[PDB]
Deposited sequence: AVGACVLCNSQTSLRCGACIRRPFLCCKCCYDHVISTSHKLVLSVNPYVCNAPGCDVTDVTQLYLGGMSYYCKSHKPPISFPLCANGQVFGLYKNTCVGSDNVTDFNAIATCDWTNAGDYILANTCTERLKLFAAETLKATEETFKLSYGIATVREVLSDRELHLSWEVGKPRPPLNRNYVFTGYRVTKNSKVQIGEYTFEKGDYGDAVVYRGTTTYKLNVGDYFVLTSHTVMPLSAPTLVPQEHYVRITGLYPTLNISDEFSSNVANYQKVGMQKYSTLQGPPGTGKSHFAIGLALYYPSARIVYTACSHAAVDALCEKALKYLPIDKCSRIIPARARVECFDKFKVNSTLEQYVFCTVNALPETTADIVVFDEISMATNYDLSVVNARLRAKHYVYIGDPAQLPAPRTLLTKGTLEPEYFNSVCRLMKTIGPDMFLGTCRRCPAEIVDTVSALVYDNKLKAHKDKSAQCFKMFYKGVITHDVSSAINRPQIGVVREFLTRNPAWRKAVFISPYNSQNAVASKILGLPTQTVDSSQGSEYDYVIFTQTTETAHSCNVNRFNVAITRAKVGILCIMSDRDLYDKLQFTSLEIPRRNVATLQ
């Protein structure tokens, strides 16, 4: 019952029994908590409660020390000291922001803003509290039981009354009863088991709520600048292919952590792998939140780094298929490729943390906890998509509050900017450069003259809250009859349910904007589906249209975003 004060570090025996995470608070801080919030339970070796038989007074503000023991006003002996006096709470060794973090329900943007503008120890408290609150909310959704099994990929579900039903997308992973993890898509529902299984009737599905470990390591270790490349040995022969990156590579070596903002198709992957070739003896751990981002770093590594010195870490509770072509789970290889959640406790010359817009402050802490390293490299794009905040329903989370790295990239700027898009037709590069990159992103490719926009609001139907626009798909179908090059196009929308309808009617492969992030395709068809905050978010829009290598068709609901597309407008 003895720890350091999460606000100021001062030793104490006071934790807040009201806070879900029960943080150690110093007497000066514990007071300013209890006297400002509904949080009145203080703990030490024993609870600060009235010790008189049958008395229920736990409010420290109505409590006194009578000898060794605590009493309320009604029970205290004549010789007693109140537990709250002169801005302190009686403890051994004798905050506005802490209070808002400790009591918020995390449904408001301002809660995430504060969890990212605050002091560094408060970012860990916030990150821990948020994640705790996120997991306890999963317990609020109704259990799903299998009524009947139609096919090997479709069944009929019965939903517990008196509890709400979860969104049936790829985000929401269920546990079958442990008969493998399962997702569902929309009275016929499409089921997808991790382990293939004759899905027994009576079997039930639940959202597994994993207990939240406390955090220790800061989001960002403290910054160190060096006069010379520290702890790394650069090649004197580096292939022309990576010549562009040498100054950035020397910056990586001359400070503790560095930030790389790389817009779509600007060479983030190339940069990350180019780092190993420039520091050829350096042990490098390649990490991201998702298997897809880590796999993408693997595909690049396979092309440039010796396969014998690469390992893909894969936890024995596997959830998707991972990259196969490396030795699996060899923690000691020079090159290690591993999701944040699966990181081993180890050291490294360089940690490369990729897709940083998708990381939470929880993830940034875990990494600094599990990996002791000479250099930390943070790669991604704050103009791209953050991790979903399942609890956030009010306000929009701006890129400067995604996590500590994005806040740095949005405030003091990134240490390094990849400024030339080599993926996208210039029509797309020019659109996004103006929209989210302050005109700093340059087109390598010419205009493709295969980038089209149509303003067509259509009709918005909903499967629950998930939007569908059949007329927008109708327009796409018409377009395809006259544009046969697009037969191979990937269909993209901000909505799973629009994607389900586009699958049936068009037969095109289908992606949400959020699932499309990090991928590229020759041709993209985008239906905005709706005018909502979701569908008009400039980051989501940016990702949507930068997936395309050759052509994009955008059926738009929003005038502002429509007019900004530097595309040939179509009629109908």
item: Ranges of the deposited sequence (numbered from 1) for which no C-alpha atom is modelled; value: 95 to 102, 186 to 193, 203 to 206, 593 to 601
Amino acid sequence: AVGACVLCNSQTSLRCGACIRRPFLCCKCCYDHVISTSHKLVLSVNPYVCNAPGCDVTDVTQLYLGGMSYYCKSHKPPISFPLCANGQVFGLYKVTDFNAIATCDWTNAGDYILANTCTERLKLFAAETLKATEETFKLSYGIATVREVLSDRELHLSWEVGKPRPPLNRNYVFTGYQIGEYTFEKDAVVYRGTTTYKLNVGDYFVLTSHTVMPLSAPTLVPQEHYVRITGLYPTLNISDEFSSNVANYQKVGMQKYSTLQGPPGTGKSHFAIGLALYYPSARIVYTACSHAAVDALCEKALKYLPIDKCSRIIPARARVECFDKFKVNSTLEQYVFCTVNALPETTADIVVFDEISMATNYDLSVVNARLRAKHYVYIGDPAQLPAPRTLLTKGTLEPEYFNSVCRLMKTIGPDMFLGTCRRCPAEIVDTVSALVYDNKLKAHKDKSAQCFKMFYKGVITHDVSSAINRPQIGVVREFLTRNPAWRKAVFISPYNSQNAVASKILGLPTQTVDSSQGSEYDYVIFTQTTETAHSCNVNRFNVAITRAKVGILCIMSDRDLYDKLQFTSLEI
From here on, numbers count along this sequence of modelled residues.
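Rigid core: the largest C-alpha set superposing within 1.5 Å between the two forms.
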property: Farther-lying stretch by C-alpha RMS in 9 other deposited structures of this protein, rigid core as reference, of 559 to 567 and 5 to 13; result: 5 to 13
property: Greater root mean square CA deviation, 32 to 40 compared with 60 to 68 in 9 other deposited structures of this protein, core aligned; result: 60 to 68
property: Gap at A318 across at least one third of the other PDB entries; result: yes
property: Mean C-alpha B-factor comparison - 449 to 457 and 188 to 196, higher one; result: 188 to 196
property: Given 137 to 145 and 240 to 248, the range whose Cα B-factors average higher in the PDB entry; result: 137 to 145
property: Largest Cα B-factor, entry values, listed residues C322, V377, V336, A301; result: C322
property: Options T546, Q517, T529, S36 - largest CA temperature factor per the record; result: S36
property: Among modelled residues of the same chain, the CA temperature factor third for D381; result: lowest
property: Cα B factor band for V524 (lowest, middle or highest third within the chain); result: lowest
property: Third of the chain's Cα B-factor distribution that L508 belongs to, per the entry; result: lowest
property: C19, C-alpha B-factor rank within chain (lowest, middle or highest third); result: middle
property: Ranked C-alpha temperature factor of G176 among modelled chain residues, by third; result: highest
